file entry36.txt (compact mmCIF, N, CA and C atoms)
# COMPACT_ATOMS: atom_id res chain seq x y z
N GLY J 1 0.80 -1.25 0.00
CA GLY J 1 0.00 0.00 0.00
C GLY J 1 0.83 1.29 0.00
N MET J 2 1.45 1.62 -1.15
CA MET J 2 2.37 2.79 -1.28
C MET J 2 1.58 4.14 -1.42
N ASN J 3 1.26 4.75 -0.27
CA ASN J 3 0.40 5.97 -0.20
C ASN J 3 1.27 7.25 0.01
N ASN J 4 1.53 7.99 -1.08
CA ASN J 4 2.39 9.21 -1.06
C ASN J 4 1.64 10.48 -0.51
N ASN J 5 1.76 10.73 0.80
CA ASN J 5 0.93 11.75 1.50
C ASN J 5 1.55 13.17 1.42
N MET J 6 1.12 13.98 0.43
CA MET J 6 1.46 15.43 0.36
C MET J 6 0.48 16.23 1.29
N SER J 7 0.85 16.39 2.57
CA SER J 7 -0.08 16.90 3.62
C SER J 7 -0.28 18.45 3.73
N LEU J 8 -0.49 19.15 2.59
CA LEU J 8 -1.01 20.55 2.57
C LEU J 8 -2.10 20.76 1.47
N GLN J 9 -2.80 21.90 1.56
CA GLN J 9 -4.25 22.01 1.18
C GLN J 9 -5.18 21.00 1.95
N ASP J 10 -5.08 21.01 3.29
CA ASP J 10 -5.90 20.16 4.20
C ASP J 10 -7.18 20.92 4.68
N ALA J 11 -6.98 22.15 5.20
CA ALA J 11 -8.05 23.08 5.57
C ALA J 11 -8.95 23.55 4.40
N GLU J 12 -10.26 23.65 4.66
CA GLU J 12 -11.27 23.77 3.57
C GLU J 12 -11.30 25.18 2.90
N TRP J 13 -11.32 26.27 3.67
CA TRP J 13 -11.14 27.68 3.20
C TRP J 13 -9.81 28.09 2.46
N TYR J 14 -8.81 27.20 2.30
CA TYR J 14 -7.38 27.59 2.15
C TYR J 14 -6.97 28.11 0.73
N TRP J 15 -7.29 29.38 0.49
CA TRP J 15 -6.69 30.18 -0.62
C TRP J 15 -5.26 30.76 -0.32
N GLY J 16 -4.90 31.04 0.96
CA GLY J 16 -4.04 32.22 1.29
C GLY J 16 -4.72 33.62 1.40
N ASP J 17 -6.01 33.75 1.06
CA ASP J 17 -6.72 35.06 0.97
C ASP J 17 -8.26 34.84 1.04
N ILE J 18 -8.77 34.86 2.27
CA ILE J 18 -10.23 34.80 2.57
C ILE J 18 -10.47 35.92 3.64
N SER J 19 -10.96 37.10 3.22
CA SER J 19 -11.34 38.21 4.15
C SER J 19 -12.65 38.92 3.70
N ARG J 20 -13.51 39.29 4.67
CA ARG J 20 -14.90 39.82 4.42
C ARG J 20 -15.95 38.77 3.89
N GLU J 21 -15.61 38.04 2.82
CA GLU J 21 -16.44 36.95 2.19
C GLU J 21 -16.78 35.64 3.00
N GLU J 22 -16.73 35.68 4.34
CA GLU J 22 -16.68 34.50 5.26
C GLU J 22 -16.58 35.06 6.73
N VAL J 23 -15.59 35.95 7.00
CA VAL J 23 -15.45 36.70 8.28
C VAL J 23 -16.74 37.52 8.65
N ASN J 24 -17.26 38.33 7.70
CA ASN J 24 -18.58 39.02 7.82
C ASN J 24 -19.77 38.19 7.22
N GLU J 25 -19.64 37.61 6.00
CA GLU J 25 -20.77 36.91 5.33
C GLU J 25 -21.19 35.53 5.93
N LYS J 26 -20.26 34.64 6.31
CA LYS J 26 -20.59 33.36 7.03
C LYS J 26 -20.82 33.48 8.57
N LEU J 27 -20.20 34.44 9.29
CA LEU J 27 -20.83 35.08 10.50
C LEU J 27 -22.38 35.34 10.46
N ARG J 28 -22.90 35.77 9.31
CA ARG J 28 -24.36 35.96 9.08
C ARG J 28 -25.09 34.70 8.51
N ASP J 29 -24.52 34.01 7.51
CA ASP J 29 -25.19 32.88 6.80
C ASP J 29 -25.12 31.50 7.54
N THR J 30 -23.98 31.11 8.15
CA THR J 30 -23.93 29.91 9.06
C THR J 30 -24.01 30.17 10.61
N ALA J 31 -24.05 31.43 11.08
CA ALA J 31 -24.15 31.81 12.51
C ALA J 31 -22.85 31.56 13.33
N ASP J 32 -22.79 30.53 14.20
CA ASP J 32 -21.60 30.24 15.06
C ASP J 32 -21.04 28.81 14.84
N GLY J 33 -19.71 28.67 14.95
CA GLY J 33 -19.00 27.39 14.73
C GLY J 33 -18.41 27.25 13.33
N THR J 34 -17.39 28.06 12.99
CA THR J 34 -16.87 28.14 11.60
C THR J 34 -15.36 28.54 11.56
N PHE J 35 -14.47 27.63 11.11
CA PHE J 35 -12.99 27.85 11.11
C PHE J 35 -12.54 28.60 9.81
N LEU J 36 -11.75 29.68 9.95
CA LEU J 36 -11.39 30.57 8.80
C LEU J 36 -10.18 31.51 9.17
N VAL J 37 -9.01 31.31 8.52
CA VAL J 37 -7.77 32.14 8.74
C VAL J 37 -7.83 33.40 7.80
N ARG J 38 -7.88 34.60 8.39
CA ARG J 38 -8.42 35.81 7.71
C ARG J 38 -7.35 36.76 7.09
N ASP J 39 -7.23 36.90 5.75
CA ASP J 39 -6.21 37.81 5.15
C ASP J 39 -6.61 39.33 5.21
N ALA J 40 -6.36 39.93 6.38
CA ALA J 40 -6.30 41.40 6.55
C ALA J 40 -4.90 41.99 6.19
N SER J 41 -4.84 43.30 5.89
CA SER J 41 -3.54 44.00 5.65
C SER J 41 -2.67 44.20 6.94
N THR J 42 -1.35 44.41 6.76
CA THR J 42 -0.38 44.53 7.90
C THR J 42 -0.64 45.74 8.85
N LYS J 43 -0.76 46.99 8.35
CA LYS J 43 -1.32 48.12 9.15
C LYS J 43 -2.88 48.19 9.02
N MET J 44 -3.59 47.20 9.60
CA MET J 44 -5.08 47.15 9.62
C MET J 44 -5.55 46.38 10.89
N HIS J 45 -5.50 45.03 10.90
CA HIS J 45 -5.75 44.20 12.12
C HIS J 45 -4.96 42.85 11.99
N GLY J 46 -5.59 41.68 12.21
CA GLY J 46 -4.89 40.37 12.24
C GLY J 46 -4.50 39.80 10.86
N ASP J 47 -3.26 40.08 10.42
CA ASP J 47 -2.82 39.84 9.02
C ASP J 47 -2.57 38.32 8.72
N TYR J 48 -3.59 37.67 8.14
CA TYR J 48 -3.70 36.17 8.08
C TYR J 48 -3.64 35.39 9.44
N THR J 49 -4.42 35.86 10.44
CA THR J 49 -4.56 35.20 11.77
C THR J 49 -5.76 34.19 11.83
N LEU J 50 -5.73 33.22 12.76
CA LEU J 50 -6.85 32.26 12.96
C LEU J 50 -8.10 32.97 13.58
N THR J 51 -9.25 32.90 12.90
CA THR J 51 -10.55 33.41 13.43
C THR J 51 -11.63 32.29 13.34
N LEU J 52 -12.44 32.16 14.40
CA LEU J 52 -13.68 31.35 14.36
C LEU J 52 -14.76 31.94 15.32
N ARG J 53 -16.05 31.76 15.01
CA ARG J 53 -17.13 32.00 16.02
C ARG J 53 -17.36 30.72 16.87
N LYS J 54 -17.50 30.85 18.20
CA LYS J 54 -17.61 29.67 19.11
C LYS J 54 -18.59 29.98 20.28
N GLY J 55 -19.87 29.62 20.11
CA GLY J 55 -20.97 30.11 20.99
C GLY J 55 -21.25 31.63 20.96
N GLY J 56 -21.39 32.21 19.76
CA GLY J 56 -21.54 33.68 19.61
C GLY J 56 -20.23 34.43 19.30
N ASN J 57 -19.32 34.55 20.28
CA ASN J 57 -18.12 35.41 20.14
C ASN J 57 -16.95 34.72 19.36
N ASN J 58 -15.92 35.52 19.09
CA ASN J 58 -14.82 35.17 18.17
C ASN J 58 -13.59 34.68 18.99
N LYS J 59 -13.33 33.38 18.91
CA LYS J 59 -12.18 32.75 19.61
C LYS J 59 -10.92 32.70 18.68
N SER J 60 -10.21 33.84 18.59
CA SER J 60 -9.02 33.96 17.71
C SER J 60 -7.71 33.59 18.47
N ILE J 61 -7.16 32.39 18.20
CA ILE J 61 -6.03 31.81 19.00
C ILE J 61 -4.60 32.22 18.54
N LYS J 62 -4.29 32.25 17.23
CA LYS J 62 -3.14 33.05 16.72
C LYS J 62 -3.48 34.58 16.68
N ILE J 63 -2.46 35.43 16.85
CA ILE J 63 -2.60 36.92 16.85
C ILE J 63 -1.58 37.47 15.79
N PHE J 64 -2.09 38.21 14.77
CA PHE J 64 -1.25 38.88 13.72
C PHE J 64 -0.55 37.91 12.70
N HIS J 65 0.22 38.44 11.73
CA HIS J 65 1.04 37.59 10.80
C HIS J 65 2.26 36.90 11.49
N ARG J 66 3.13 37.66 12.19
CA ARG J 66 4.38 37.19 12.86
C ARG J 66 5.09 35.90 12.31
N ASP J 67 5.45 35.85 11.01
CA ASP J 67 5.94 34.60 10.32
C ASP J 67 4.90 33.44 10.09
N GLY J 68 4.03 33.15 11.08
CA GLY J 68 3.26 31.89 11.18
C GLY J 68 3.86 31.01 12.29
N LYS J 69 3.46 31.25 13.55
CA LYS J 69 4.13 30.67 14.75
C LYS J 69 3.19 29.83 15.66
N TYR J 70 3.48 28.54 15.84
CA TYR J 70 2.54 27.62 16.54
C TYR J 70 2.77 27.53 18.09
N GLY J 71 1.67 27.59 18.84
CA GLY J 71 1.69 27.52 20.32
C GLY J 71 0.89 28.67 20.95
N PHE J 72 1.59 29.75 21.31
CA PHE J 72 0.97 31.01 21.83
C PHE J 72 1.91 32.23 21.58
N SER J 73 1.36 33.46 21.61
CA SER J 73 2.13 34.70 21.29
C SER J 73 3.14 35.14 22.41
N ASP J 74 4.32 34.50 22.42
CA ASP J 74 5.35 34.71 23.48
C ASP J 74 6.74 34.96 22.79
N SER J 75 7.76 34.09 22.97
CA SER J 75 9.14 34.34 22.46
C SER J 75 9.67 33.39 21.32
N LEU J 76 8.81 32.63 20.62
CA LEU J 76 9.25 31.67 19.56
C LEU J 76 9.64 32.28 18.17
N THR J 77 8.93 33.32 17.70
CA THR J 77 9.11 33.95 16.35
C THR J 77 8.46 33.20 15.14
N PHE J 78 8.69 31.88 14.93
CA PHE J 78 8.29 31.19 13.66
C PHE J 78 8.02 29.65 13.78
N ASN J 79 7.19 29.12 12.86
CA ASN J 79 6.95 27.65 12.71
C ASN J 79 6.52 27.26 11.25
N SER J 80 5.32 27.66 10.77
CA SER J 80 4.60 26.93 9.68
C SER J 80 3.45 27.76 9.00
N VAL J 81 2.93 27.26 7.86
CA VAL J 81 1.57 27.63 7.34
C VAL J 81 0.63 26.37 7.15
N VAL J 82 0.68 25.42 8.11
CA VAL J 82 -0.25 24.26 8.25
C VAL J 82 -0.59 23.96 9.75
N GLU J 83 0.40 23.95 10.68
CA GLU J 83 0.17 23.86 12.15
C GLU J 83 -0.82 24.93 12.73
N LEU J 84 -0.60 26.21 12.40
CA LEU J 84 -1.58 27.32 12.60
C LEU J 84 -2.98 27.16 11.96
N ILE J 85 -3.04 26.59 10.75
CA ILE J 85 -4.29 26.44 9.97
C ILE J 85 -5.20 25.29 10.53
N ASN J 86 -4.64 24.07 10.74
CA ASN J 86 -5.41 22.86 11.14
C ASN J 86 -4.43 21.71 11.54
N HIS J 87 -4.17 21.53 12.85
CA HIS J 87 -3.27 20.45 13.35
C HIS J 87 -3.67 20.13 14.81
N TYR J 88 -4.51 19.09 15.02
CA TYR J 88 -5.05 18.69 16.37
C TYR J 88 -6.04 19.71 17.04
N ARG J 89 -5.63 20.98 17.16
CA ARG J 89 -6.34 22.05 17.89
C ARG J 89 -7.07 23.03 16.91
N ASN J 90 -6.39 23.53 15.86
CA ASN J 90 -6.94 24.59 14.95
C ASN J 90 -8.09 24.23 13.96
N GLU J 91 -8.48 22.95 13.80
CA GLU J 91 -9.80 22.59 13.20
C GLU J 91 -10.41 21.35 13.92
N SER J 92 -10.77 21.48 15.21
CA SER J 92 -11.31 20.36 16.03
C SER J 92 -12.22 20.85 17.20
N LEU J 93 -13.02 19.92 17.77
CA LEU J 93 -13.52 20.02 19.19
C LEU J 93 -12.40 20.25 20.27
N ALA J 94 -11.21 19.64 20.08
CA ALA J 94 -9.97 19.98 20.84
C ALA J 94 -9.36 21.42 20.73
N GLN J 95 -9.98 22.38 20.02
CA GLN J 95 -9.63 23.83 20.11
C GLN J 95 -9.70 24.44 21.56
N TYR J 96 -10.85 24.29 22.23
CA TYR J 96 -11.02 24.60 23.67
C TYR J 96 -10.93 23.31 24.55
N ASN J 97 -11.83 22.33 24.35
CA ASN J 97 -11.88 21.11 25.20
C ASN J 97 -12.61 19.97 24.43
N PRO J 98 -12.02 18.78 24.11
CA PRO J 98 -12.72 17.76 23.26
C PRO J 98 -13.95 17.00 23.85
N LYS J 99 -14.04 16.87 25.18
CA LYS J 99 -15.24 16.32 25.88
C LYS J 99 -16.34 17.38 26.21
N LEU J 100 -15.98 18.60 26.66
CA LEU J 100 -16.95 19.69 26.91
C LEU J 100 -17.34 20.46 25.61
N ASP J 101 -16.37 21.13 24.93
CA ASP J 101 -16.59 21.93 23.69
C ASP J 101 -17.74 23.01 23.68
N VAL J 102 -17.92 23.75 22.57
CA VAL J 102 -19.13 24.62 22.38
C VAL J 102 -19.64 24.40 20.91
N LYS J 103 -19.27 25.26 19.94
CA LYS J 103 -19.83 25.24 18.55
C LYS J 103 -18.67 25.45 17.55
N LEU J 104 -18.39 24.49 16.65
CA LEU J 104 -17.19 24.55 15.73
C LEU J 104 -17.27 23.62 14.47
N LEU J 105 -18.47 23.46 13.89
CA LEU J 105 -18.79 22.40 12.90
C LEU J 105 -18.88 22.81 11.39
N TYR J 106 -18.71 24.09 11.01
CA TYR J 106 -18.96 24.58 9.63
C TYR J 106 -17.67 25.29 9.02
N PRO J 107 -16.52 24.63 8.71
CA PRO J 107 -15.36 25.30 8.06
C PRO J 107 -15.64 25.73 6.59
N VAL J 108 -15.38 27.01 6.26
CA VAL J 108 -15.99 27.64 5.04
C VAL J 108 -15.24 27.22 3.74
N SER J 109 -15.73 26.19 3.04
CA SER J 109 -14.91 25.48 2.03
C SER J 109 -14.65 26.27 0.71
N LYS J 110 -13.39 26.69 0.51
CA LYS J 110 -12.96 27.63 -0.56
C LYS J 110 -13.76 28.97 -0.69
N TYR J 111 -14.14 29.57 0.45
CA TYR J 111 -14.88 30.85 0.48
C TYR J 111 -14.64 31.49 1.86

call {"tool": "encode", "arguments": {"input": "entry36.txt", "output": "structure tokens"}}
result
Amino acid sequence: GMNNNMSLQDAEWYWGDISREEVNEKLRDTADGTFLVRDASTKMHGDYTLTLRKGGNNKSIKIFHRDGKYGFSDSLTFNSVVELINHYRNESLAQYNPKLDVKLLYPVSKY
């Protein structure tokens, strides 16, 4: 069973550029529970940062562009453009808690 696993383009929204068309429009059309990494400009707000709605409000776990850095906003500087997008925590019930959880079921596929 020779299975050659090229493990990127895994996340459903993944252009490199999804802003307003999902951040504002799927906030209104699917309500709450929707994973989407948002391409804002550098002097504006979160420049390709992780955004989702989770029981009403916005649970944004990465902050700003900063290379693309996995874990939390402290002293690391850099990591990836797949660990930040979807790896155990960034597209799962395991984002907050896998047994308790809230709302996270509608990732916006190529939009």

call {"tool": "closest_residue", "arguments": {"input": "entry36.txt", "among": "J:12, J:17, J:101, J:91", "to": "residue 61 in chain J", "atoms": "only C-alpha atoms"}}
result
J:91

call {"tool": "atom_distance", "arguments": {"input": "entry36.txt", "atom1": "CA of residue 70 in chain J", "atom2": "CA of residue 83 in chain J"}}
result
6.2 Å

call {"tool": "atom_distance", "arguments": {"input": "entry36.txt", "atom1": "CA of residue 66 in chain J", "atom2": "CA of residue 10 in chain J"}}
result
21.7 Å

call {"tool": "atom_distance", "arguments": {"input": "entry36.txt", "atom1": "atom N of residue 8 in chain J", "atom2": "atom N of residue 22 in chain J"}}
result
23.2 Å

call {"tool": "select_by_dssp", "arguments": {"input": "entry36.txt", "residues": "range 5-80 of chain J", "states": "helix (DSSP H, G or I)", "output": "JSON, numbers by chain"}}
result
{"J": [25, 26, 27, 28, 29]}

call {"tool": "write_last_selection", "arguments": {"input": "entry36.txt", "atoms": "N, CA and C atoms", "output": "compact mmCIF listing (two decimals), keeping the file's coordinate frame"}}
result
# COMPACT_ATOMS: atom_id res chain seq x y z
N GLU J 25 -19.64 37.61 6.00
CA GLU J 25 -20.77 36.91 5.33
C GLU J 25 -21.19 35.53 5.93
N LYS J 26 -20.26 34.64 6.31
CA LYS J 26 -20.59 33.36 7.03
C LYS J 26 -20.82 33.48 8.57
N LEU J 27 -20.20 34.44 9.29
CA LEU J 27 -20.83 35.08 10.50
C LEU J 27 -22.38 35.34 10.46
N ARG J 28 -22.90 35.77 9.31
CA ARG J 28 -24.36 35.96 9.08
C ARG J 28 -25.09 34.70 8.51
N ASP J 29 -24.52 34.01 7.51
CA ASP J 29 -25.19 32.88 6.80
C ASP J 29 -25.12 31.50 7.54

call {"tool": "residues_near_point", "arguments": {"input": "entry36.txt", "point": "(-19.4, 27.2, 17.5)", "cutoff": "7 Å", "atoms": "only C-alpha atoms", "output": "PDB file with N, CA and C atoms, in the frame of the given file"}}
result
ATOM      1  N   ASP J  32     -22.790  30.530  14.200  1.00  0.00           N
ATOM      2  CA  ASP J  32     -21.600  30.240  15.060  1.00  0.00           C
ATOM      3  C   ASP J  32     -21.040  28.810  14.840  1.00  0.00           C
ATOM      4  N   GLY J  33     -19.710  28.670  14.950  1.00  0.00           N
ATOM      5  CA  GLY J  33     -19.000  27.390  14.730  1.00  0.00           C
ATOM      6  C   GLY J  33     -18.410  27.250  13.330  1.00  0.00           C
ATOM      7  N   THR J  34     -17.390  28.060  12.990  1.00  0.00           N
ATOM      8  CA  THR J  34     -16.870  28.140  11.600  1.00  0.00           C
ATOM      9  C   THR J  34     -15.360  28.540  11.560  1.00  0.00           C
ATOM     10  N   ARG J  53     -16.050  31.760  15.010  1.00  0.00           N
ATOM     11  CA  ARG J  53     -17.130  32.000  16.020  1.00  0.00           C
ATOM     12  C   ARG J  53     -17.360  30.720  16.870  1.00  0.00           C
ATOM     13  N   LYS J  54     -17.500  30.850  18.200  1.00  0.00           N
ATOM     14  CA  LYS J  54     -17.610  29.670  19.110  1.00  0.00           C
ATOM     15  C   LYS J  54     -18.590  29.980  20.280  1.00  0.00           C
ATOM     16  N   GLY J  55     -19.870  29.620  20.110  1.00  0.00           N
ATOM     17  CA  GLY J  55     -20.970  30.110  20.990  1.00  0.00           C
ATOM     18  C   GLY J  55     -21.250  31.630  20.960  1.00  0.00           C
ATOM     19  N   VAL J 102     -17.920  23.750  22.570  1.00  0.00           N
ATOM     20  CA  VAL J 102     -19.130  24.620  22.380  1.00  0.00           C
ATOM     21  C   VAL J 102     -19.640  24.400  20.910  1.00  0.00           C
ATOM     22  N   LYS J 103     -19.270  25.260  19.940  1.00  0.00           N
ATOM     23  CA  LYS J 103     -19.830  25.240  18.550  1.00  0.00           C
ATOM     24  C   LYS J 103     -18.670  25.450  17.550  1.00  0.00           C
ATOM     25  N   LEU J 104     -18.390  24.490  16.650  1.00  0.00           N
ATOM     26  CA  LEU J 104     -17.190  24.550  15.730  1.00  0.00           C
ATOM     27  C   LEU J 104     -17.270  23.620  14.470  1.00  0.00           C
ATOM     28  N   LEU J 105     -18.470  23.460  13.890  1.00  0.00           N
ATOM     29  CA  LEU J 105     -18.790  22.400  12.900  1.00  0.00           C
ATOM     30  C   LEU J 105     -18.880  22.810  11.390  1.00  0.00           C
TER      31      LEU J 105
END

call {"tool": "select_by_dssp", "arguments": {"input": "entry36.txt", "residues": "range 16-106 of chain J", "states": "strand (DSSP E)", "output": "list in words"}}
result
residues 34, 35, 36, 37, 38, 39, 47, 48, 49, 50, 51, 52 and 53 of chain J

call {"tool": "residues_around", "arguments": {"input": "entry36.txt", "residues": "residue 39 in chain J", "least_positions_apart": "2", "cutoff": "6 Å", "atoms": "all atoms listed in the file", "output": "JSON list (two decimals) with N, CA and C atoms, in the frame of the given file"}}
result
[["chain", "number", "residue", "atom", "x", "y", "z"],
["J", 16, "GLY", "N", -4.90, 31.04, 0.96],
["J", 16, "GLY", "CA", -4.04, 32.22, 1.29],
["J", 16, "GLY", "C", -4.72, 33.62, 1.40],
["J", 17, "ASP", "N", -6.01, 33.75, 1.06],
["J", 17, "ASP", "CA", -6.72, 35.06, 0.97],
["J", 17, "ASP", "C", -8.26, 34.84, 1.04],
["J", 18, "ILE", "N", -8.77, 34.86, 2.27],
["J", 18, "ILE", "CA", -10.23, 34.80, 2.57],
["J", 18, "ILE", "C", -10.47, 35.92, 3.64],
["J", 19, "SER", "N", -10.96, 37.10, 3.22],
["J", 19, "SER", "CA", -11.34, 38.21, 4.15],
["J", 19, "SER", "C", -12.65, 38.92, 3.70],
["J", 37, "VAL", "N", -9.01, 31.31, 8.52],
["J", 37, "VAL", "CA", -7.77, 32.14, 8.74],
["J", 37, "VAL", "C", -7.83, 33.40, 7.80],
["J", 41, "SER", "N", -4.84, 43.30, 5.89],
["J", 41, "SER", "CA", -3.54, 44.00, 5.65],
["J", 41, "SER", "C", -2.67, 44.20, 6.94],
["J", 47, "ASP", "N", -3.26, 40.08, 10.42],
["J", 47, "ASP", "CA", -2.82, 39.84, 9.02],
["J", 47, "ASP", "C", -2.57, 38.32, 8.72],
["J", 48, "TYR", "N", -3.59, 37.67, 8.14],
["J", 48, "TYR", "CA", -3.70, 36.17, 8.08],
["J", 48, "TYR", "C", -3.64, 35.39, 9.44],
["J", 49, "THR", "N", -4.42, 35.86, 10.44],
["J", 49, "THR", "CA", -4.56, 35.20, 11.77],
["J", 49, "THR", "C", -5.76, 34.19, 11.83]]
